[PDB]
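Engineer: Pasting a structure below so you can have a look.
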Amino acid sequence: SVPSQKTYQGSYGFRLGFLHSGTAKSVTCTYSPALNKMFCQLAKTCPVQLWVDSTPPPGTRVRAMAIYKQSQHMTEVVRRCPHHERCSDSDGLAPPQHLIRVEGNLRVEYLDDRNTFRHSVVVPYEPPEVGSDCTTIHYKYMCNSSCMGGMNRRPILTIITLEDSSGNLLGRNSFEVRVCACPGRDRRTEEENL
Ligand SMILES: [Zn+2]
């Protein structure tokens, strides 16, 4: 019982983009092309860019979902650790257990799948204005990679799916995530092994 991670550009040429932020000590969020991996800080904005060759129909929705990267952990549902789950950091919209939030969107919607028990967060797709090339969604990870009782140092992927108003699949892309203190340092260090 594991959700697909196969890349699928679909009819609209769906692709993911990121800020080219570098690895200076102070950066809150930074992406590695070589690793296909996002490094970001706990509860900080992590911008993900949606790129399309053609504008998807109105009613299109954008869902984000987390799964564990290692195959022997994939069936386990990724959720916040007991401490954070119990934390007073609610924004009034996100369920307390949910790892991934979206900020600054009053039309945000959260799901507990009645059959898989997996969490996900979905927002209406917005087209870029004619002077921009992509759409930006501001994600937040609400639990650390090192949190004991949660992910517990196990690496995760985020799966972004493009779907119509009826929930049918239009596109899919994914990237690995590490939530940590000092993404800049951890990115340079992990990239050094190459
Ligand atoms: Zn936690």
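Just so we're on the same page: first chain in the structure tokens is A, next is B, and so on; residues restart at 1 for each chain, and ligands are numbered from 1 in the order they show up.
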With a cut-off of 10 Å, could you pull out the residues of stretch 2-35 of chain A touching stretch 59-75 of chain A and give me the nearest pair of atoms for each, distance in Å to one decimal, using only C-alpha atoms, ordered by chain and ascending number, as a Markdown table?

Structural biologist:
| residue | atom | partner | partner_atom | distance |
| --- | --- | --- | --- | --- |
| A:2 | CA | A:75 | CA | 5.9 |
| A:3 | CA | A:67 | CA | 8.2 |
| A:4 | CA | A:67 | CA | 10.0 |
| A:5 | CA | A:67 | CA | 9.3 |

Engineer: For the selection you just gave me, I'd like the residues written to a file as a JSON list (two decimals), in the first residue's frame, keeping C-alpha atoms.

Structural biologist:
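Output file again_35.json follows:
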[["chain", "number", "residue", "atom", "x", "y", "z"],
["A", 2, "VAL", "CA", 2.39, 2.72, -1.22],
["A", 3, "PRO", "CA", 1.60, 5.81, -3.35],
["A", 4, "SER", "CA", 3.43, 6.07, -6.70],
["A", 5, "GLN", "CA", 6.51, 8.27, -7.06]]

Engineer: List every residue of chain A that has an atom at most 7 Å from any atom of ligand 1, and for each one report the closest atom pair and its distance in Å to one decimal, counting only C-alpha atoms and all ligand atoms, with rows sorted by chain and then by increasing residue number, as CSV.

Structural biologist:
residue,atom,partner,partner_atom_place_in_ligand_line,distance
A:80,CA,ligand 1,1 (Zn),5.3
A:81,CA,ligand 1,1 (Zn),4.2
A:82,CA,ligand 1,1 (Zn),6.8
A:83,CA,ligand 1,1 (Zn),5.8
A:84,CA,ligand 1,1 (Zn),4.6
A:143,CA,ligand 1,1 (Zn),4.0
A:144,CA,ligand 1,1 (Zn),5.4
A:147,CA,ligand 1,1 (Zn),4.7
A:150,CA,ligand 1,1 (Zn),5.9

Engineer: Give the answer as one residue: which of A:118, A:55, A:50, A:29 has the shortest atom-to-atom distance to residue A:1, using only C-alpha atoms?

Structural biologist: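 Using only C-alpha atoms, residue A:1 sits closest to A:118.
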
Engineer: Hey, which of A:137, A:87, A:100, A:78 ends up closest to residue A:155? Count only C-alpha atoms.

Structural biologist: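 Closest to residue A:155, using only C-alpha atoms: A:78.
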
Engineer: Which one of A:34, A:16, A:179, A:99 sits closest to residue A:53 if you count only C-alpha atoms?

Structural biologist: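 Using only C-alpha atoms, residue A:53 sits closest to A:16.
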
Engineer: So how many Å separate atom CA of residue A:169 and atom CA of residue A:11, to one decimal?

Structural biologist: 10.7 Å

Engineer: Excluding stretch 90-98 of chain A and its own-chain neighbours fewer than 4 positions away, which residues fall within 9 Å of it when counting only C-alpha atoms? Please give them as a VMD selection string.

Structural biologist: chain A and resid 78 to 82 84 to 86 102 to 103 106 108 to 111 119 to 121 141 to 142

Engineer: With N, CA, C and O atoms retained, export the selected residues as a PDB file, in the first residue's frame.

Structural biologist:
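As written to disk, out.pdb reads:
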ATOM      1  N   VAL A  78       4.112   8.692   7.282  1.00  0.00           N
ATOM      2  CA  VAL A  78       4.877   9.814   7.812  1.00  0.00           C
ATOM      3  C   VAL A  78       3.965  10.798   8.532  1.00  0.00           C
ATOM      4  O   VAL A  78       3.046  11.367   7.929  1.00  0.00           O
ATOM      5  N   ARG A  79       4.222  10.991   9.826  1.00  0.00           N
ATOM      6  CA  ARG A  79       3.451  11.923  10.655  1.00  0.00           C
ATOM      7  C   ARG A  79       4.375  12.647  11.629  1.00  0.00           C
ATOM      8  O   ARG A  79       5.529  12.271  11.779  1.00  0.00           O
ATOM      9  N   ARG A  80       3.880  13.704  12.264  1.00  0.00           N
ATOM     10  CA  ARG A  80       4.678  14.420  13.260  1.00  0.00           C
ATOM     11  C   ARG A  80       4.888  13.557  14.489  1.00  0.00           C
ATOM     12  O   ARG A  80       4.024  12.761  14.847  1.00  0.00           O
ATOM     13  N   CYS A  81       6.034  13.746  15.131  1.00  0.00           N
ATOM     14  CA  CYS A  81       6.394  13.026  16.348  1.00  0.00           C
ATOM     15  C   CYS A  81       5.475  13.449  17.488  1.00  0.00           C
ATOM     16  O   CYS A  81       4.887  14.527  17.446  1.00  0.00           O
ATOM     17  N   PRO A  82       5.353  12.609  18.516  1.00  0.00           N
ATOM     18  CA  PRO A  82       4.430  12.917  19.615  1.00  0.00           C
ATOM     19  C   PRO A  82       4.599  14.313  20.215  1.00  0.00           C
ATOM     20  O   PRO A  82       3.609  14.976  20.505  1.00  0.00           O
ATOM     21  N   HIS A  84       5.777  17.221  18.822  1.00  0.00           N
ATOM     22  CA  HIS A  84       5.314  18.273  17.921  1.00  0.00           C
ATOM     23  C   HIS A  84       3.825  18.156  17.712  1.00  0.00           C
ATOM     24  O   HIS A  84       3.116  19.157  17.680  1.00  0.00           O
ATOM     25  N   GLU A  85       3.356  16.924  17.596  1.00  0.00           N
ATOM     26  CA  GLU A  85       1.937  16.667  17.459  1.00  0.00           C
ATOM     27  C   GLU A  85       1.181  17.387  18.558  1.00  0.00           C
ATOM     28  O   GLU A  85       0.081  17.888  18.346  1.00  0.00           O
ATOM     29  N   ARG A  86       1.805  17.461  19.731  1.00  0.00           N
ATOM     30  CA  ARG A  86       1.176  18.032  20.913  1.00  0.00           C
ATOM     31  C   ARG A  86       1.525  19.522  21.077  1.00  0.00           C
ATOM     32  O   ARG A  86       1.072  20.175  22.013  1.00  0.00           O
ATOM     33  N   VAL A 102       0.781  24.321   4.231  1.00  0.00           N
ATOM     34  CA  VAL A 102       0.948  25.435   3.295  1.00  0.00           C
ATOM     35  C   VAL A 102       0.524  26.725   3.991  1.00  0.00           C
ATOM     36  O   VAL A 102      -0.546  26.767   4.600  1.00  0.00           O
ATOM     37  N   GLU A 103       1.339  27.774   3.920  1.00  0.00           N
ATOM     38  CA  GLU A 103       0.959  29.024   4.578  1.00  0.00           C
ATOM     39  C   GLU A 103       0.507  30.071   3.567  1.00  0.00           C
ATOM     40  O   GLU A 103       0.849  29.996   2.375  1.00  0.00           O
ATOM     41  N   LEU A 106      -5.868  30.783   2.258  1.00  0.00           N
ATOM     42  CA  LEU A 106      -7.087  30.515   3.023  1.00  0.00           C
ATOM     43  C   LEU A 106      -7.926  29.382   2.421  1.00  0.00           C
ATOM     44  O   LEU A 106      -8.881  28.918   3.033  1.00  0.00           O
ATOM     45  N   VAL A 108      -6.628  26.440   1.635  1.00  0.00           N
ATOM     46  CA  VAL A 108      -5.880  25.219   1.872  1.00  0.00           C
ATOM     47  C   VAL A 108      -6.783  24.136   2.461  1.00  0.00           C
ATOM     48  O   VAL A 108      -7.664  24.407   3.282  1.00  0.00           O
ATOM     49  N   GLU A 109      -6.544  22.899   2.051  1.00  0.00           N
ATOM     50  CA  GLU A 109      -7.376  21.781   2.474  1.00  0.00           C
ATOM     51  C   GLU A 109      -6.500  20.599   2.880  1.00  0.00           C
ATOM     52  O   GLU A 109      -5.522  20.290   2.199  1.00  0.00           O
ATOM     53  N   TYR A 110      -6.823  19.971   4.014  1.00  0.00           N
ATOM     54  CA  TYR A 110      -6.035  18.839   4.520  1.00  0.00           C
ATOM     55  C   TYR A 110      -6.837  17.543   4.550  1.00  0.00           C
ATOM     56  O   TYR A 110      -8.034  17.549   4.870  1.00  0.00           O
ATOM     57  N   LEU A 111      -6.154  16.437   4.241  1.00  0.00           N
ATOM     58  CA  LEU A 111      -6.780  15.116   4.108  1.00  0.00           C
ATOM     59  C   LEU A 111      -6.142  14.034   4.984  1.00  0.00           C
ATOM     60  O   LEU A 111      -4.903  13.909   5.056  1.00  0.00           O
ATOM     61  N   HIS A 119      -1.396  11.362   5.116  1.00  0.00           N
ATOM     62  CA  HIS A 119      -1.735  12.766   5.161  1.00  0.00           C
ATOM     63  C   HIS A 119      -1.357  13.406   3.841  1.00  0.00           C
ATOM     64  O   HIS A 119      -0.507  12.902   3.110  1.00  0.00           O
ATOM     65  N   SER A 120      -2.052  14.474   3.496  1.00  0.00           N
ATOM     66  CA  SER A 120      -1.684  15.249   2.333  1.00  0.00           C
ATOM     67  C   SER A 120      -2.296  16.629   2.463  1.00  0.00           C
ATOM     68  O   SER A 120      -3.239  16.813   3.238  1.00  0.00           O
ATOM     69  N   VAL A 121      -1.759  17.597   1.720  1.00  0.00           N
ATOM     70  CA  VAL A 121      -2.316  18.948   1.704  1.00  0.00           C
ATOM     71  C   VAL A 121      -2.438  19.424   0.257  1.00  0.00           C
ATOM     72  O   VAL A 121      -1.498  19.316  -0.549  1.00  0.00           O
ATOM     73  N   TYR A 141       7.553  22.438   6.701  1.00  0.00           N
ATOM     74  CA  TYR A 141       7.739  21.146   7.363  1.00  0.00           C
ATOM     75  C   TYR A 141       7.782  21.402   8.852  1.00  0.00           C
ATOM     76  O   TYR A 141       8.510  22.297   9.293  1.00  0.00           O
ATOM     77  N   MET A 142       6.964  20.651   9.607  1.00  0.00           N
ATOM     78  CA  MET A 142       6.648  20.969  11.005  1.00  0.00           C
ATOM     79  C   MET A 142       7.268  20.015  12.022  1.00  0.00           C
ATOM     80  O   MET A 142       6.865  19.961  13.185  1.00  0.00           O
TER      81      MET A 142
END

Engineer: What lies within 9 Å of residue A:174 using only C-alpha atoms, ignoring chain neighbours under 6 positions off, as a short mmCIF file (atom, residue, chain, number, x, y, z; two decimals) with C-alpha atoms, in the first residue's frame?

Structural biologist:
data_model
loop_
_atom_site.label_atom_id
_atom_site.label_comp_id
_atom_site.auth_asym_id
_atom_site.auth_seq_id
_atom_site.Cartn_x
_atom_site.Cartn_y
_atom_site.Cartn_z
CA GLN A 5 6.51 8.27 -7.06
CA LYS A 6 7.01 7.87 -10.79
CA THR A 7 7.67 11.18 -12.50
CA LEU A 16 9.22 21.35 -10.38
CA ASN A 36 17.41 16.21 -6.05
CA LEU A 157 10.39 12.19 -0.17
CA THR A 158 7.72 14.75 -0.97
CA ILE A 159 5.41 13.81 -3.82
CA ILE A 160 3.68 16.63 -5.69
CA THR A 161 0.72 15.62 -7.85
#
